[PDB]
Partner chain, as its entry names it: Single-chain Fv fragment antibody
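Only one chain is shown below, in structure tokens, and it's the form solved without the partner chain.
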């Protein structure tokens, strides 16, 4: 099905490399032409996951940090959709790992909440701010802790993410982990220095916010 009023974007999202190549080579201008969503063939290739296509466009010299209408860079799209090989190609053409979309999110926010382990690594290895805050001042850690993506928390801690940052509801990742009971998560978060003392905009602490059986575990981990 057609995703664009622009032929090339369709060709790209569909995987018609030969055709696409015929066109672009015919009108190099087509590699940068925008559509109804302000997207180029790059955006659509990244979305659909056509690596070969991304690489041809990249080597043609098209821009790698151009945002569509919602503020989505190709790296935003490659990250959110699990295109590991494409994320690699983008970082190798200098894609800005810290670009923010309209919603205040970086590529790492999406890699982190959809559990893109190998892609989170690439981003963080590529200079991604692990403490990047959205519009609610929430970080990847906030997400991982909430959803209890344990392997992801490990990754974010290896890359030096803060554990004691506060969203606009005054909540730290450890708050979130406790609120949703994430035992191993809330343990691990505090074994790396998450405060079991700090209060949200409800003067509540992580312990106050957890279902007894876990608020105790934590206090003894730190106090005993």
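Numbering follows the first chain given and starts at 1.
Although it is not shown, the form deposited with the partner chain bound is what the next lines describe.
> Does the 4.5 Å heavy atom contact test between residue 118 and the partner chain in the bound PDB entry come out positive?
Taking the distances in the bound PDB entry, the answer for residue 118 is yes, it comes within 4.5 Å of the partner chain.
> Residue-level question: is residue 135 within 4.5 Å of the partner chain in the bound PDB entry, judged on heavy atoms?
Answer no; every heavy atom of residue 135 is more than 4.5 Å from the partner chain in the bound PDB entry.
> I'd like to check something about residue 114: if you look in the bound PDB entry, is any of its heavy atoms closer than or equal to 4.5 Å to a heavy atom of the partner chain?
No - in the bound PDB entry, heavy atoms of residue 114 and the partner chain never come within 4.5 Å of each other.
> Going by a heavy atom distance of 4.5 Å, is residue 27 a contact of the partner chain in the bound PDB entry?
It does not: once the partner chain is placed as it appears in the bound PDB entry, residue 27 has no heavy atom within 4.5 Å of it.
> Do heavy atoms from each of 159, 184 and 188 fall within 4.5 Å of the partner chain in the bound PDB entry?
Answer is yes for this spot.
> Heavy atoms within 4.5 Å of the partner chain in the bound PDB entry: which stretch among 32-40, 163-171, 189-197, 51-59?
Contact-bearing stretch, as computed: 189-197.
> Determine the residues of 136-159 with a heavy atom within 4.5 Å of the partner chain in the bound PDB entry and present them in sequence order; the list may be empty.
Residues within 4.5 Å: 150, 151, 154, 155, 157, 158, 159.
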